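Chains as they are written, first to last, in PDB author numbering: chain D, 14 to 69, 77 to 145, 153 to 176, 185 to 241, 257 to 298; chain Y, 299 to 330, 529 to 620, 641 to 675, 691 to 694; chain A, 943 to 1041; chain V, 992 to 1041; chain U, 745 to 793; chain L, 745 to 827, 856 to 892.
By construction, the Cβ of each residue, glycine as well, lies at the ideal position given by its N, Cα and C atoms.
Working notes for the structure below.
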Ligand SMILES: *[C@@H]1O[C@H](CO)[C@@H](O[C@@H]2O[C@H](CO)[C@@H](O)[C@H](O)[C@H]2NC(C)=O)[C@H](O)[C@H]1NC(C)=O
Ligand SMILES: *[C@@H]1O[C@H](CO)[C@@H](O[C@@H]2O[C@H](CO)[C@@H](O)[C@H](O)[C@H]2NC(C)=O)[C@H](O)[C@H]1NC(C)=O
Ligand SMILES: *[C@@H]1O[C@H](CO)[C@@H](O)[C@H](O)[C@H]1NC(C)=O
Ligand SMILES: *[C@@H]1O[C@H](CO)[C@@H](O)[C@H](O)[C@H]1NC(C)=O
Ligand SMILES: *[C@@H]1O[C@H](CO)[C@@H](O)[C@H](O)[C@H]1NC(C)=O
Ligand SMILES: *[C@@H]1O[C@H](CO)[C@@H](O)[C@H](O)[C@H]1NC(C)=O
Ligand SMILES: *[C@@H]1O[C@H](CO)[C@@H](O)[C@H](O)[C@H]1NC(C)=O
């Protein structure tokens, strides 16, 4: 089942500043009171991060490229954002990745889904509406896990696909800022490593009323960071090696 | 010492002749079979595919739940998390040290003393110095002029060999 | 920055030791910098070549470290000879030498 | 082939840096001597013979 | 300007950093030598007319 | 600990002996430097208990009895202000003995002037 949404309001997507967000732990190695220089796929400091809104009538689900990796930020309250779609052609021709977080658990499936143009979930005022795909024929990987999840909640995720490994990094932050990204530093802990081994070039974010939510999409570039590890092994500050001559 | 110096007569002094390595005794292979963990001994450890040789002791470092191994400034693995039981272990490198021979002239005597540099005396007339463990020299409380330098204020002389 | 000369010597020696330890992580054109990985992954005819590449790289690093250690030893020896001269002529006597 | 060129050029550069450091030590010793002569011969009268 | 040569050169580690640091030390040492020899007075004296 | 690596390393000859000999020469040279700088007197001079020097105060350079290290306040400040087969050999002269040598030199130059450097 698929449903066209024909009540949208035309508006260009916004842009804002990344500040010093998007830093994740590059590996599983504990380091304490040290300064470590690493070259990896990172989000540049103070970059132009794309801003999308969900407000009522805005429902921003466009088609975005994936490129080398995607930093996904969410200023969320009342749990509207539920999951992501990854793939190349987003149909039964190629193999696609499904990540959903419904009312009970988090489900990851790698199947050849015949996706809808507007895949979505629904809450009736309980969850009794699910229209994401019409078929699933060849499934290779399944993974059922625990639930991962004024704007009150900040969700940071980093999605990377290197050597057939899908790295998902996550961080949950209590915030009380009304409209934009708070200015600060928070290192993203690694959440899961999935051996999906599939090509990903495009991704999707998952009458009617749209709850108040906002999300941000940034793109990773190969660069060097200098990370500071404190006495407790937590990354507390970072330096972008190619941002400005002072940080260089 | 005669072999190292390429001479049959050795002048009075201290000569670094060899090295000592505490040889590994057991192999501990812990993945998430699991060979019974042995601590406080120089063993060959294989933890989740990370291999090496070291002494596994208790650690006061509180790891974050996602982190498994630990590295210092010089990118050497000095801390690790046991996969079976979530405890933190320090990996101290197995003792290695220079072996120096302290002797007077062969014209005077053939008595020698052995200094293990930077090695505690429990891991080898046994005396513990800051330079290392000295075997074969009788420690005295008197102070004399330095005849053969040992280090850290310690000197050796022949009168038997005293330190 | 009053005591910069001693801190400079300590920093240079520590930096040389850190660089020498860090050079073990380099494979010097071999498949890996770990000897155990080479010995467990390859047959001895090609593992001999890989170990030879590691040996020549590490030996070049060690010779380089010894070379700058000898040069710094010469510099410190000259400074120590100057310090001994100052101890003999300024502390143990009165010097007519200007400055 | 590039590896052979790299090791040859790196050996040449390390050799050049080594003699540069040795000449730097010699020039530093000469400069220390020159500073001593400037302090003792120009800024005062020296009783040191020759 | 060869990218492949630089990629192979990165396998040898921090030799280039060592050589650049040594040359930088020599270069600052020359200026220190010139300061030690010539800059021993903080007053610029002038002869009478 | 690789036996095969050491067997291949033996083909290159006595490079390791040369490097160890050079490092040993540097290590003994450091102790020789410390002997040349600080051990220039064979008598350990001491100051009188009464510090009556005609108004001259040497408390900041004489050793402090209250400190366990027996260092001067200036020397204590100086010590506070300075912060895989590798071994660090300890120096032959420890810091307290070097401080004792400096104390002997200070006592000699205060109580005897330059006479102790040239004889009795
Ligand atoms: C919702 O709208 C999309 C976009 O118009 C529909 O996708 C089209 O499906 C027809 C099927 O005949 C294709 O010919 C078009 O090329 C498709 N358009 C695009 C942009 O892919 C989709 O079918 C609609 N959903 C429903 C249930 O009708
Ligand atoms: C020599 O100088 C020292 C320090 O300059 C004097 O010690 C001071 O004594 C006064 C009064 O007793 C104290 O209030 C100061 O705190 C002391 N200073 C220190 C650093 O302890 C000392 O009295 C002077 N005279 C003699 C004869 O030693
Ligand atoms: C971000 O991009 C938009 C267009 O893509 C541009 O108008 C805006 O000025 C950019 N902002 C910054 C800070 O570069
Ligand atoms: C959530 O999804 C899983 C997998 O599709 C399903 O088994 C479960 O019943 C779902 N939960 C709800 C409340 O629908
Ligand atoms: C994928 O599914 C189609 C039809 O559902 C089938 O013909 C094809 O063999 C499947 N391929 C694999 C690799 O399972
Ligand atoms: C992945 O897909 C893109 C476009 O669909 C294509 O250009 C690229 O070559 C593909 N890569 C692999 C490894 O299949
Ligand atoms: C590190 O943890 C200790 C408690 O183990 C705490 O007292 C200290 O403040 C922490 N430091 C930082 C920088 O978080």
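Give the range of the alpha helix (DSSP H) segment to which residue 820 of chain L is assigned. 817 to 825
Among D:209, D:130, D:235 and D:292, nearest to residue 97 of chain D - alpha-carbon criterion: Taking only the C-alpha atoms, the option nearest residue 97 of chain D is D:209.
Please report how far the alpha carbon of residue 609 of chain Y lies from the alpha carbon of residue 863 of chain L, in whole angstroms. 20 angstroms
Going by DSSP in three states, residue 986 of chain A sits in which element: helix, strand or coil? helix
Beta carbon nearer than 5 angstroms to a non-hydrogen atom of ligand 5: D:164 and D:165
Under 9 angstroms between beta-carbons, which chain Y residues line up against residue 857 of chain L? List them in chain order, please. Within chain Y, the residues near residue 857 of chain L are 317 and 592.
Assign residue 987 of chain A to one of two classes, buried (16 or more other C-beta atoms within 10 Å of its C-beta) or exposed (fewer than that). When all chains shown are included, residue 987 of chain A counts as exposed.
Can you name the residues of chain A whose CB is closer than 8 angstroms to the CB of residue 756 of chain U? Going along chain A in sequence order, the residues near residue 756 of chain U (Cβ under 8 angstroms) are 968, 970, 971 and 999.
Interface residues of chain V facing residue 784 of chain U [CB-CB closer than 8 angstroms]: Per Cβ cutoff of 8 angstroms: 1026, 1029, 1030 and 1034.
Exposure label - residue 641 of chain Y; buried when at least 16 CB within 10 Å: exposed
Nearest by alpha-carbon distance to residue 329 of chain Y: which of Y:657, Y:669, Y:546 and Y:312 is it? Y:546
If you draw a straight line from the alpha carbon of residue 574 of chain Y to that of residue 592 of chain Y, how long is it in whole angstroms? 16 angstroms
What does residue 861 of chain L reach in chain Y if we use C-beta pairs closer than 9 angstroms? Per Cβ cutoff of 9 angstroms: 594, 613, 614, 647 and 667.
Give the residues of chain V in contact with residue 1038 of chain A, contact being defined as C-beta atoms less than 7 angstroms apart. 1038
Listing by chain order, which chain L residues have their CB less than 7 angstroms from the CB of residue 618 of chain Y? Within 7 angstroms Cβ-Cβ: nothing; residue 618 of chain Y doesn't reach chain L, min ~19 angstroms.
Using a C-beta to C-beta distance shorter than 8 angstroms, which residues of chain L count as neighbours of residue 314 of chain Y? 764 and 768
Between the Cα of residue 857 of chain L and the Cα atoms of Y:576, Y:590 and Y:584, which residue gives the shortest distance? Ranked by Cα distance from residue 857 of chain L, the first of Y:576, Y:590 and Y:584 is Y:590.
Own chain partners of residue 656 of chain Y with C-beta closer than 8 angstroms, once the 5 adjacent residues on each side are dropped: Cβ contact annotation for residue 656 of chain Y (same chain, cutoff 8 angstroms, sequence separation greater than five): 693 and 694, in chain order.
Below 8 angstroms, can you find three or more Cβ-Cβ pairs linking the segment 548 to 562 of chain Y to the segment 306 to 317 of chain Y? Of all C-beta pairs linking the segment 548 to 562 of chain Y to the segment 306 to 317 of chain Y, fewer than three are shorter than 8 angstroms, placing the two stretches out of contact.
Name, going along the chain, the residues of the segment 977 to 999 of chain A whose beta-carbon falls closer than 8 angstroms to a beta-carbon of chain L. 977, 978, 981, 986, 989, 990, 993, 994, 996 and 997
Does the CB of residue 1013 of chain V have a neighbour CB from chain U at under 8 angstroms? By this cut-off, residue 1013 of chain V is not an interface position.
Quick test of your reading: residue 59 of chain D and residue 30 of chain D, contact by CB under 8 angstroms. State the CB separation rounded to the nearest angstrom. Under the criterion of beta carbons closer than 8 angstroms, residue 59 of chain D and residue 30 of chain D qualify as touching, at roughly 6 angstroms.
Would residue 129 of chain D pass as a contact of residue 191 of chain D if the rule is Cβ separation under 8 angstroms? no
Between the alpha carbons of residue 199 of chain D and residue 90 of chain D, how many angstroms are there, rounded? 16 angstroms
Taking only beta-carbon positions, decide if residue 961 of chain A is within less than 8 angstroms of chain V. no
With a threshold of 8 angstroms between beta-carbons, can residue 747 of chain L be considered close to chain Y, or not? no
For residue 127 of chain D and residue 240 of chain D, the rounded distance between their alpha carbons: 15 angstroms
Residue interval of the alpha helix (DSSP H) (run including residue 578 of chain Y): Unbroken run through residue 578 of chain Y: none, as it is neither H nor E.
Considering only C-alpha positions, which residue in the set D:216, D:132, D:123 and D:163 is nearest to residue 173 of chain D? D:123
Neighbour flag for residue 781 of chain L against chain A, beta carbons, 8 angstroms: yes
Would you decide whether residue 83 of chain D is buried or exposed? Buried here means 16 or more other CB atoms lie within 10 Å of its CB. exposed
Between the alpha carbons of residue 1008 of chain V and residue 1004 of chain A, how many angstroms are there, rounded? Taking the CA atoms as reference points, residue 1008 of chain V sits about 16 angstroms from residue 1004 of chain A.
What separation, rounded to the nearest whole angstrom, lies between the Cα atoms of residue 766 of chain U and residue 1020 of chain V? Straight-line Cα distance between these residues: approximately 18 angstroms.
With 16 other Cβ atoms within 10 Å as the buried cut-off, status of residue 669 of chain Y: buried
Pairwise C-alpha distance: residue 287 of chain D and residue 157 of chain D: 41 angstroms
Beta-carbon proximity check, residue 754 of chain U vs residue 997 of chain V, cutoff 8 angstroms: Not in contact: residue 754 of chain U and residue 997 of chain V (Cβ atoms no closer than 8 angstroms).
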